[PDB]
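Working notes for the structure below.
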Amino acid sequence: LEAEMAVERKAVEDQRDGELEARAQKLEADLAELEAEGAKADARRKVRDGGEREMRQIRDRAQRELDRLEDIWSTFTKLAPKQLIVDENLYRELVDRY
Numbered sequence: 173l174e175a176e177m178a179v180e181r182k183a184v185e186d187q188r189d190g191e192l193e194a195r196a197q198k199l200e201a202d203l204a205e206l207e208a209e210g211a212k213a214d215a216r217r218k219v220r221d222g223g224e225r226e227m228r229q230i231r232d233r234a235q236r237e238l239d240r241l242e243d244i245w246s247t248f249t250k251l252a253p254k255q256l257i258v259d260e261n262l263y264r265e266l267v268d269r270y
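Here the working numbering = 1-based position in the sequence shown + 172.
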């Protein structure tokens, strides 16, 4: 169970890396084209800020998923009789995963 949890964690990490690389490549290409066009750096900052916000948002979602898996594994490892799940959404996720 730990092994299958690890590999799927790598899979979600891999797709996250692919998305970040693609977005970063697009941001870098846009900046390079804008630099070649000799802009006043106002549009360079605007594009850079827009990309940075996108990078933060993607990483924010990635960590949301990462901690969701961490909570799932932690609950499973310490799962003891008479323990209570406050939220039904967590329980359905826990049973669906395992």
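Each residue gets a CB set at the ideal place from its N, CA and C atoms; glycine is no exception.
For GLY223, the closest alpha carbon among the candidates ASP239, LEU266, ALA196 is that of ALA196. Excluding sequence positions up to five before and after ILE230, its CB lies within less than 8 Å of the CB of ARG188, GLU191, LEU192, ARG195, all in the same chain and listed in chain order. A contact between stretches requires three or more CB pairs, one per stretch, nearer than 8 Å, and the region 256-269 fails this requirement with the region 212-228. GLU185 and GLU242 have their C-alpha atoms spaced approximately 14 Å apart.
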